[PDB]
Structures are given as C-alpha cells and as structure tokens.
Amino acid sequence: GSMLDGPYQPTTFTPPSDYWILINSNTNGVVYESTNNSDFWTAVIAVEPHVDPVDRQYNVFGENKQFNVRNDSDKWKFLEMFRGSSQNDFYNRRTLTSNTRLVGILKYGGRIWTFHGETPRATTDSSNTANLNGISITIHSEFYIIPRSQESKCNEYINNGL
C-alpha cells in the first residue's frame, strides 16, 4: 500500500518483524501495552504538558499500578515502564519528550527498538528478549506501519511530525 501505511484503529496484534509501528497518541494515560508473558513487559504512558510530580494510576497488563510521573515541558512526555519478570515492579526504563506525540516500536535484529530522548533529536535504542516472536501489543491510539528499511522516514516523523 503506502509506505506510511495507516492510520489503523486501536487493536491488539502480534507485530511482524521488520516493521516500525508508529503510534499517534491523542490523550494521556496508557498508549500501549506489549508483552510476551515471559521476559518482556513494556507499557508506554503519556503525560500531558506541565504536570507537577505526582503518582497516577494506570491499568497495565490487567492490573492497576501506581507510577510516579512528571513533565516539566510544553512537549508531551512518554514514559517506558518495564519489567522483565512477572514478580518485579515496573521501572521507568526510558523517556521520550515529544512535540509530535508519536511513539515507535519495532521488532528487528532479535530485539525490540523504540525511540527515546527529546524531539527533534530523538534516537533509537534496543531491548533484549529471549522470545521476540511471542511479543504482542495492545495499542490504544491510532497507528501506522512503516518498513524498517524506511527508518529514515520513521525518524523524520517521530521528530518532525506527520
């Protein structure tokens, strides 16, 4: 179809390897939840502009959790909350401060890639897993699909907008 394929409505699916999923967050709270139920749990939480430090509730992987959040920018903030085993408390692994409200997740090269840092200079980073194929995602906002070969385009969107 189009190289920027979408938008698609919120759903749950197992992303194929080699394709960036670009999610256009349009509200606060949980953007997506992704797990293989074995060694990888990531949830992305959206925090609106100028939020003083506070503990908010988020339902993730079916359970209500309290996360400490803040955002001292005009830009939107996206926190990666992770755990690698079912018994561990989630920790804030990475952040993305963004004027464009776009977050990205990719299966490639054996590991999960996401964007982090601050637009317009956000960059990618990897996360290891021993069960990449098992990782599914529940996405709560509209999203697009872009091949990994076209990451330069994905990077422009993340940093500069659609």
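Note that residue numbering follows the sequence shown and begins at 1.
Participant: Name the higher of the two by mean Cα B-factor in the PDB entry, 50 to 58 versus 128 to 136.
Facilitator: Result: 50 to 58.
Participant: With respect to the recorded C-alpha B factors, which stretch has the higher mean value, 113 to 121 or 64 to 72?
Facilitator: According to the PDB entry, the answer is 64 to 72.
Participant: Thinking about Cα B factors across the chain, which third does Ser38 belong to?
Facilitator: Ranked within chain, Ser38 CA B lands in the highest tercile.
Participant: Can you work out whether the C-alpha temperature factor of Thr14 puts it in the lowest, middle or highest third of the chain?
Facilitator: Its C-alpha B-factor, which the entry lists for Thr14, ranks in the middle third among residues of this chain.
Participant: Just say lowest, middle or highest third for the CA B-factor of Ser152 relative to the other modelled residues in its chain.
Facilitator: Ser152: CA B-factor falls in the highest third of its chain.
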